[PDB]
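In case you want the letters, here they are:
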Amino acid sequence: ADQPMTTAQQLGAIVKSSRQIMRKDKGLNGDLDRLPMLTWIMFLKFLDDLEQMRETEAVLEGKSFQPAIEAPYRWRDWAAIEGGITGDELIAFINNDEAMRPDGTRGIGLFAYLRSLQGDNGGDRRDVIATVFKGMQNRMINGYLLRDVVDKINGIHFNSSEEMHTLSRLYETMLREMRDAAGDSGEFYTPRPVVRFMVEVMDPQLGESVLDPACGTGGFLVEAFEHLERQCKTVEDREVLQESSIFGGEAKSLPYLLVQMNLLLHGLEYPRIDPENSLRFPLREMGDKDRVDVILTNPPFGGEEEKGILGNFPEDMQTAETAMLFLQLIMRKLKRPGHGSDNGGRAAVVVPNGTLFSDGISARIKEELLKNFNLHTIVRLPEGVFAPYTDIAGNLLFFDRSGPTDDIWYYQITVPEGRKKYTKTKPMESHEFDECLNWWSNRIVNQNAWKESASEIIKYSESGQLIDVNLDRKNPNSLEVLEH
């Protein structure tokens, strides 16, 4: 019988006790420094335990195994040995281009090794590990303290990939919270129930490509991958899964590293995450070679882009509003029909009310959307869904590239009785999407769902000038439509 997995309480203890050890290291200043430290250490530990499971699996399947990391650079070589390399010797092994290694031989140091990893066949998990470590550095100065942290993390344990994923989830929650513990009052996060709903209705299929141009710590991409993994029945299916073309963009350092790490731990060979501004490329240079089957995303609800970015967009669509520029990017990146599928690509996009009611340049963007894509469903959510980052209401746009919009289904979810908005401590829950899920493939008008028409929504003057595309439509059954 194998030892039980680390419990949630135990993971918390390890994380807190490690941070408290870090408070003694003069090389580290606050969670700004401590959280990336914990993260690379935790990653090398998780990765090696995963590699053990993969090696074991390959032996059972009579298949060859290729380690991502080779001895003596694996966790089991340098970290897992009681009373192993420590003090100045440890710092040297970590930091140096060349150092005495844990096996008593001189060679390249750990970070230098990880940063110089490269895939055989034109890019694999080793190249992603290298990119991750090129974006991190060891800031601890005291090797005895580093060793002490490594000894705590070494005690983490799991028996399967699923157990590992549970701990990864818990860890990411701790980080976000720590980074919400009155230190950095900010960031933004799509709640899990909203992500799962969006992935469930989008139903990504093995063989499809997926993009999230604002993937954060990778919520949509990881959920998409797990959804894809449930479809595998054969060895061939598994290869398709692991070689999936999965793309992301994320501007924030730690989240950028976290999405790459989690996808690698899920078995994706090459998460393709761009750390720079997703809006920086000329849409007009984009073509079929650039397009994807599925887009799952919660772009920013607000903000403005610098003027240099605007030049990348059509002359009549140069709004500085980030949320609207992302909408154009997403439209551009959907596969056109007749390129592997009949409907072309499909997108699910979280937008604020402002996107819906906006006018001017935004109306032109929405006209283009309605004329060239099928915006078949808009699900409208209660205020508070994104608490505590903002109480603003959210909406989910579902569109594909099949052709122009005709009828648009609206579906409004209401906050449970007696409450007016969700809260951090009382968040929205998955069961609340059940009614919508069942309705999705059995659409009828009712208390929550109604139809609008694109030709009614888009308004032109007699000259044919565009006057309005207002998608902020209210539930005709609601009382706001009754007594205004």
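To be clear, the structure that these remarks concern was listed above.
Student: Please set out the overall build of the chain residue by residue, giving values where relevant.
Tutor: Along its length, the chain carries 18 helices and 13 strands. Taken over the C-alpha trace, the chain has a radius of gyration of 25 Å; the compact-globule value for 484 residues is 23 Å, and the two agree within 12%. Along the three orthogonal principal directions, the C-alpha set of the chain runs to about 85 × 50 × 50 Å. Per-residue burial for the chain yields a buried fraction of 52% across its 484 residues. A separation threshold of at least 6 residues defines the contact pool for the chain, and within that pool the share at least 24 residues apart is 74%. Accessible area of the chain: about 22300 Å², with a carbon and sulfur share of 48%. When the 55 basic and 76 acidic side-chain charges of the chain are each reduced to a single mean position, those positions are 2 Å apart.

Student: Describe in detail the side chain of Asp25, supporting the description with residues and values.
Tutor: When you line up the elements, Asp25 lands in the loop between α1 (8–22) and α2 (30–60). Among the polar contacts made by the side chain of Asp25, one reaches the main-chain amide nitrogen of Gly27 at a distance of 2.7 Å. Every residue in contact with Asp25, bar those within four places of it in the chain, is listed here: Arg139, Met140, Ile141, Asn142 and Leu145.

Student: An account of the pairing of strand β8 (residues 374–380) is needed here, citing residue identities and associated values.
Tutor: In terms of residue burial, β8 counts as a mostly covered element, since 6 of its 7 residues are buried. In the sheet, β8 pairs with strand β9 (residues 394–400) via 6 bridges, with the strands oriented antiparallel. Its bridge partner lying in β9, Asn374 is registered against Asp400. Where β8 meets strand β10 (residues 407–412), 4 bridges bridge the pair, whose relative direction is parallel. Within β10, the position partnered with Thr377 by the bridge is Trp409.

Student: I'd like to hear about the nonpolar core, residue by residue, with values.
Tutor: In this structure, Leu44, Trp78, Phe197, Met198, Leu296, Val379 and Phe398 are the most contacted members of the largest nonpolar core, which totals 102 residues. Of the residues forming this core, the biggest block, 11 residues, is contributed by α2. Once residues lying within four places of it in the same chain are set aside, the contact partners of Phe398 are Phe197, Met198, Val201, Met202, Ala347, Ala348, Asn374, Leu375, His376, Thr377, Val379 and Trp440. Counting 41 residues, the second-largest nonpolar core is a separate cluster that includes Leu279, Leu325, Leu369 and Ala454.

Student: A description of the sheet that holds β10 should follow, citing residues and the corresponding values.
Tutor: One open sheet holds the 9 strands; their spatial order is β5-β4-β3-β6-β7-β9-β8-β10-β11, and the pairing between them is mixed. At either end of the open sheet lies a strand with only one pairing partner, and these are β5 (272–274) and β11 (449–453). Taken pair by pair, the neighbouring strands of this sheet meet at an average axis angle of 20 degrees, ignoring direction.

Reading the values: rules and limits
- Residues numbered from 1 in each chain as written, not as in the entry; some residues may be left out.
- Heavy atoms only, no water.
- Helix = DSSP H or I, 4+ residues; strand = E, 2+ residues; numbered from the N terminus.
- Rg over C-alpha atoms; globule rule 2.2 N^0.38 Å.
- Buried < 20%, exposed > 50% of the residue type's maximum accessible area, 1.4 Å probe, protein only.
- Contact = heavy atoms within 4.5 Å.
- Areas by Shrake-Rupley, 256 points an atom, 1.4 Å probe, with all protein chains shown as cover.
- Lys, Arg positive; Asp, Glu negative; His and termini not counted.
- Charge placed at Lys NZ, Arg CZ, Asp CG, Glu CD.
- Polar contact = N/O pair within 3.5 Å; in protein donor to acceptor, adjacent residues only side chain to side chain.
- Pairing = 2+ DSSP bridges.
- Core = buried A, V, L, I, M, F, W, Y, C linked by side-chain atoms within 4.5 Å.
- Axes fitted to C-alpha atoms, helices over the stretch in contact; angles between N-to-C directions.

Shape descriptors only; they carry no functional weight alone.
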